[PDB]
Amino acid sequence: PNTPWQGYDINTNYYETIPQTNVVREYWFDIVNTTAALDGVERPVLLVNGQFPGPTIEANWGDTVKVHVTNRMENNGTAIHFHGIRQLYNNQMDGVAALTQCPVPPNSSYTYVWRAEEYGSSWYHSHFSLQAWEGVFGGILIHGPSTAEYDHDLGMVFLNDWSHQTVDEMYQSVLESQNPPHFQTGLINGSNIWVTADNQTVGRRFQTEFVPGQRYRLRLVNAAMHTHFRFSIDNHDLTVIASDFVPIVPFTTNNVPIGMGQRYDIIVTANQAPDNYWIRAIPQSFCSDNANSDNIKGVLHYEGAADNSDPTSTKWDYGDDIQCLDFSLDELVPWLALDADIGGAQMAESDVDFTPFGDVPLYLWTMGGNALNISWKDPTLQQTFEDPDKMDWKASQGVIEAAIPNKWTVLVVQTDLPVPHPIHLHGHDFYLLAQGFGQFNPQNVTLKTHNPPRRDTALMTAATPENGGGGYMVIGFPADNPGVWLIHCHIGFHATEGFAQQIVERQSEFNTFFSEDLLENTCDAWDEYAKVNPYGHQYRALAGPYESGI
Ligand SMILES: *[C@@H]1O[C@H](CO)[C@@H](O[C@@H]2O[C@H](CO)[C@@H](O[C@@H]3O[C@H](CO[C@H]4O[C@H](CO)[C@@H](O)[C@H](O)[C@@H]4O)[C@@H](O)[C@H](O)[C@@H]3O)[C@H](O)[C@H]2NC(C)=O)[C@H](O)[C@H]1NC(C)=O
Ligand SMILES: *[C@@H]1O[C@H](CO)[C@@H](O[C@@H]2O[C@H](CO)[C@@H](O)[C@H](O)[C@H]2NC(C)=O)[C@H](O)[C@H]1NC(C)=O
Ligand SMILES: [Cl-]
Ligand SMILES: [Cu+2]
Ligand SMILES: [Cu+2]
Ligand SMILES: [Cu+2]
Ligand SMILES: [Cu+2]
Ligand SMILES: [K+]
Ligand SMILES: [Zn+2]
Ligand SMILES: [Zn+2]
Ligand SMILES: [Zn+2]
Ligand SMILES: [Zn+2]
Ligand SMILES: [Zn+2]
Ligand SMILES: [Zn+2]
Ligand SMILES: [Zn+2]
Ligand SMILES: [Zn+2]
């Protein structure tokens, strides 16, 4: 109705129908090695063109988006994933090193061409080792229909945990120990204050200004390394209007529990007394180890000033900030109602465990029997191009086949440990059938199949040690998208340690998107770089910084 998607609305099946705008958006990203003082302490970061939040990819529903990525670092390769982007018959643009491409080496490039076949909020980031968490990420905002109206779109709001030592600096101590990583702090959209060792304050807090009476869209993204956050705005109400790329029936709440890799679209109404209010992102202590959960805040400033002054507002009393949880299954109802259709589906189960390896012990996460051990130098797609009808997978490849077109897969991702994990499926919106605590008993647990929640990242929740630990999440998806899709824990360190598996989906029909050149050119350049730079060689052993390959 005077929109760039005229002739479609909130009720259009975006899995089947894509607006043809014939418009190409085009971005040039130089991935750089540098330095940044995000809370006023200097430390190394790796960045998209020098900015933290990387610049945002903006598109309208239905557009083609073309991201020219160039590696201008000296000691990392790169590969860039557009999280939540479906890549329908476009697998090779999904940017998972060791699956869909070789890593792009310094001074080489890779042009990502993908279609905007969803609308909503997400982000792109590296899928190359720990790099997304060095800062190689930025938002994706695809304009489209909304399930509630608002007045102003404030864009992305990123929530990270943060340390003054590098995620790569801490990696080796993470692997050699069974306790979680420790983070000093957090940032909201890349800012926070910081104070130590003098009582001097450095950096600054996030701030936005609401004009009274106005309705704002905020698009939350948990971009953190190892934190599940609960987000709120003192005295204000939040109207959840979408989960990941899927718009839901609006509903209000005090706080948004937000898992790593997840997005929530939020409408907030300047309907409180024009004053100053805490914006809070609080680490959930069951699965978050932060030194500063009280102090990851930002200022909501109402136009009717009170400038330069802190807020004095009280946090919503909503219970503890302990357990790491998703909105419940019934709270997340997709506006496009589609259901799970699991009749006669390939049933599958994957255990999640945390096991030691080698004489040092390195403690590795392990998904469906093995910790992933694949090869930058030899991505799956090369394997399947060299051998079209390959069936001899190696267990440490974490293959789960779905070779029959349009057949569903109902997967159980389950654990015995009192440790919860965000689980993200590439190439798909999965249908979230069950979610719970303790062990999963297919007789006692009732699968929601009628218009269940639909998204790309959801928690495998876990019970606390006093309640016996353990947990499971159940997902289902049709084989509707040929390609090799990573399925994995969205926690950085876990996925690098092997907490990842690969859907080898519709293998026969890889020729439907596969380009020899797009593959070879990059792999040759990466091979070229490995001959001269020690960092071109994937460390895969057990006395150093292990990389599963993704
Ligand atoms: C968190 O950080 C993000 C990145 O640092 C912030 O992203 C910004 O989000 C807003 C909301 O979508 C965008 O606003 C738009 O800007 C584009 C481009 O604007 C520029 O070019 C036009 C001409 O094409 C010019 O007229 C403008 O003055 C600008 O020079 C517009 O086309 C859109 O219609 C819209 O106005 C920003 O572009 C976006 N920036 C980046 C770098 O992605 C985000 O705001 C931060 N979140 C909060 C809450 O602060
Ligand atoms: C970013 O730049 C830094 C500084 O040049 C790189 O780190 C150094 O790495 C070399 C090679 O391993 C070492 O010999 C130096 O001692 C390091 N110096 C410091 C200050 O750490 C780093 O590898 C680069 N990162 C990339 C290319 O992604
Ligand atoms: Cl842990
Ligand atoms: Cu992601
Ligand atoms: Cu993804
Ligand atoms: Cu995990
Ligand atoms: Cu991923
Ligand atoms: K070679
Ligand atoms: Zn819009
Ligand atoms: Zn961990
Ligand atoms: Zn004014
Ligand atoms: Zn003011
Ligand atoms: Zn059916
Ligand atoms: Zn063969
Ligand atoms: Zn139904
Ligand atoms: Zn060559």
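Ideal geometry is used to build each Cβ from the backbone, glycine not excepted, and the neighbour counts take in all protein chains shown. None of the figures in this text is laboratory data; all of them are computed from the coordinates on show.
For the chain, the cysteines with no partner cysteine C-beta closer than 4.7 Å are 489. When only the Cβ of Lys, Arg, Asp and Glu is charged (+1, +1, -1, -1), the dipole of the chain relative to its Cα centre reaches about 320 debye. All distinct Cα pairs of segment 1-149 go into the 1/r average, and the inverse of that average, the Kirkwood radius, is 16.2 Å. Within segment 360-453, none of the chymotrypsin sites (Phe, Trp or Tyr not before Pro) combine a DSSP coil assignment with at most 12 other C-beta atoms in a 10 angstrom radius. Separation of segment 73-133 and segment 486-505, taken as the distance between their Cα centroids, equals 15 angstrom.
Partner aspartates and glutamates whose Cα lies under 18 Å from the Cα of residue 66, excluding those fewer than 8 positions away in the same chain, are identified as 26, 30, 58, 94, 117, 118, 517. Relative to the Cα centre, the charge distribution of segment 237-354, modelled as +1 at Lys and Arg Cβ and -1 at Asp and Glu Cβ, gives a dipole magnitude of about 360 debye. For the chain, the longest piece that avoids every one of the trypsin sites (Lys or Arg not before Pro) found in DSSP loops with at most 13 other C-beta atoms within 10 Å covers 1-393.
The calculated pair-distance distribution of segment 146-336 uses every alpha carbon pair, bins of 5 angstrom beginning at 0, and gives 1, 8, 15, 20, 20, 16, 11, 6, 3, 1, 0, 0 percent.
Selection among 45, 93, 17 by position relative to the dipole of segment 5-148 gives 93 as farthest towards the positive end (Cβ unit charges, Cα centre).
Working value for the chain: equivalent-ellipsoid semi-axes of 33, 27, 25 Å, each the square root of 5 times a Cα gyration tensor eigenvalue, largest first. Per-residue ellipticity at 222 nm computed for the chain from its helices equals -2000 deg cm²/dmol, with DSSP H segments shorter than 4 residues left out and the rest contributing -39,500 (n - 2.57). Separation of segment 349-418 and segment 452-475, taken as the distance between their Cα centroids, equals 20 angstrom.
Taking the DSSP beta bridges with both ends in the chain, the antiparallel portion is around 75 percent. Only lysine pairs 8 or more places apart or on separate chains count here, and in segment 337-550 those with Cα atoms under 19 Å apart total 4. Excluding same-chain neighbours fewer than eight residues apart, the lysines reachable from residue 315 by a Cα-Cα span under 16 Å are 297. If only the Cβ of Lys and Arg carry +1 and only the Cβ of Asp and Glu carry -1, the dipole of segment 183-311 around its Cα centre is close to 340 debye.
The modelled label-to-label distance for the pair residue 404/residue 204, using points 7 Å beyond Cα in the direction of Cβ, is 6.1 nm. For residue 349, put the label point 7 Å out on the Cα→Cβ axis and report which residues of segment 414-448 keep their amide N under 14 Å from it. Residues 414-416, 439-445 fall inside that zone. For segment 448-550, chymotrypsin sites (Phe, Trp or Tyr not before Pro) are listed when DSSP marks them as loop and at most 15 other Cβ atoms sit within 10 Å of their Cβ; the list is 539. Projection of the Cα convex hull of segment 398-550, averaged over all directions and equal to a quarter of that hull's surface, yields 11.7 nm².
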